[PDB]
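Single chain ahead, written as structure tokens, the form deposited in one PDB entry.
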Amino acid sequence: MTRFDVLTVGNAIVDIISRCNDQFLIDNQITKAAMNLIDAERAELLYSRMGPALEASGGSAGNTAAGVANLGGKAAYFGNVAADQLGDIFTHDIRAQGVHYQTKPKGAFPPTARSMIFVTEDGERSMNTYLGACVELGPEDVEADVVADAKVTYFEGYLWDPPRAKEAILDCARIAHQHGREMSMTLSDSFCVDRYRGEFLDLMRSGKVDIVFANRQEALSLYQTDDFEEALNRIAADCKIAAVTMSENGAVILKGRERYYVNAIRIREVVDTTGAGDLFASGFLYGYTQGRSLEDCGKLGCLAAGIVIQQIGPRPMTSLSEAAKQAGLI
């Protein structure tokens, strides 16, 4: 027995969500479908231009941990908030889902991170993130016992942006591997890959990271290639297991020379694509820590991803375990 199936580690963020049109993105120099990093002043400026919004707990790794708990897995999370109302909200949501979350705030300032997410009529999301208290996440926030007791530890590529989070992750990898556990990462965003391509490859090649998540764009960007087949071949050579999502074209899971394709789920209405990749990882890692085939892990991933894009907010409000059972994923 282990205490946890999946520990995740990431930027603790509250999402501020509003609808807009494509012209709004252009007028404001917001890169569509990307994670745009912003300072405190620009956050205020974008907020002043934004329509009425809804707030929902987010953060890539936070969403993933919540999705694992929703599916019936045992999940934990490390991530730093401030002692403020947004922090109280984040703390509440993730704990209310049954995730172990014990990272202690370090005061009220800087405040808890927010991402201004503009959702266009096609359901695509464009995020604009002020990292706030996330910049504080460091080695002191690693609960060594938790990493040791977790079957998989999963972290965001996004964590290379704040300064000391990488040191926490290197500690995680050491502890995880000392206990025969596995490490996993997501590439997060193509622009993040642009920033850290070489460091990400080295994490993979040195064996610090075992299982890598990417979408098509991130995989292309990792090798700065336009040839998807080459990207798949190279990613398979660089890590133990790769799981690559291809939007409305499903997913492919790679392990050495084996490839497992997962068919493209049909979506009646896309409300908001926020959290799709995060919930793919939830379904995959839940499957993986239950000992399911790689194909079934892929299927569980696409199931969760398909559900989250049919609602507002990045964490499914319906029962994923119920959906998985109806789907025969057991």
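Numbers for residues come from their place in the sequence shown, where the first is 1.
We do not show the form solved in complex with a small molecule, though everything after this point is about it.
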* Examine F191 and determine whether its closest non-hydrogen atom to the small molecule in the entry with it bound is within 4.5 angstroms. => yes
* **Partner contact for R197 in the entry with it bound: the small molecule, 4.5 angstroms, heavy atom** => yes
* Using heavy atoms and a 4.5 Å limit, would one call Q224 a contact residue for the small molecule in the entry with it bound? -> yes
